[PDB]
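The block underneath contains the structure these notes are about, expressed in structure tokens.
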Amino acid sequence: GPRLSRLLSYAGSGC
Amino acid sequence: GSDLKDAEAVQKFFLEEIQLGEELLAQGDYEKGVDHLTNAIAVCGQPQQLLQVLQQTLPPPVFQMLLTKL
């Protein structure tokens with residue numbers, strides 16, 4: 137952490 | 029600082045739960061699969077966009093059960 141895939145997925149979620 | 033750590037932990041959990049859940053749905057375990065997706069939704073501050081995405085990717089009766097769980 138941080139990892140790109142977590143950052144991207146979270147940004148993609150709109151959460 | 030601690031704000032970064034807070035956000036890191038949430039982002040890890042979020043993706044891990046969605047990926048566990050996705051795998052359980054592939055294995056035909058919809059029950060446990062949806063349980064993990066609802067853990068990801070729980071930590072989601074503003075989940076409406078997430079719910080619209082799930083509604084596009086899930087059979088409607090499953091989306092419907094997911095809603096009943098929250």
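Chains P and D, in that order, are what the protein sequence lines are. Going by our numbering, the first sequence opens with residue 137, and the numbers climb by one from there. Going by our numbering, the second sequence opens with residue 29, and the numbers climb by one from there. Note that the Cβ used here is the ideal one computed from N, Cα and C, for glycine as well.
Whole-angstrom Cβ separation of residue 91(D) and residue 71(D), contact assumed at under 8 Å?
Taking the Cβ atoms as the reference, residue 91(D) lies roughly 19 Å from residue 71(D), outside the contact range of under 8 Å.
Under 8 Å, Cβ to Cβ, is there at least one residue of chain D near residue 143(P)?
Yes - at least one Cβ of chain D is within 8 Å of the one on residue 143(P).
contact_flag[the segment 139 to 151 of chain P, the segment 64 to 79 of chain D] where n(CB pairs < 8 Å) is 3 or more:
Flag = yes, the segment 139 to 151 of chain P and the segment 64 to 79 of chain D touch.
Under the three-state DSSP convention, the category residue 65(D) falls into
Secondary structure of residue 65(D) (DSSP, three-state): helix.
Considering Cα atoms alone, identify which of 57(D), 66(D) and 35(D) is closest to residue 46(D).
Here the closest residue by C-alpha is 66(D).
Can you tell me whether residue 39(D) is buried or exposed? The criterion is at least 16 other CB atoms within 10 Å of its CB, across all chains shown.
Buried, because 16 or more other Cβ atoms sit within 10 Å of the Cβ of residue 39(D).
Under DSSP, the alpha helix (DSSP H) around residue 49(D) begins and ends at which residues?
The continuous alpha helix (DSSP H) containing residue 49(D) extends over residues 30 to 54.
Straight-line gap, residue 62(D) to residue 33(D) (C-alpha atoms, nearest Å):
Distance between residue 62(D) and residue 33(D), taken at the CA atoms: about 27 Å.
Secondary structure at residue 144(P), three-state DSSP: helix, strand or coil?
Secondary structure at residue 144(P): helix, using DSSP grouped into helix, strand and coil.
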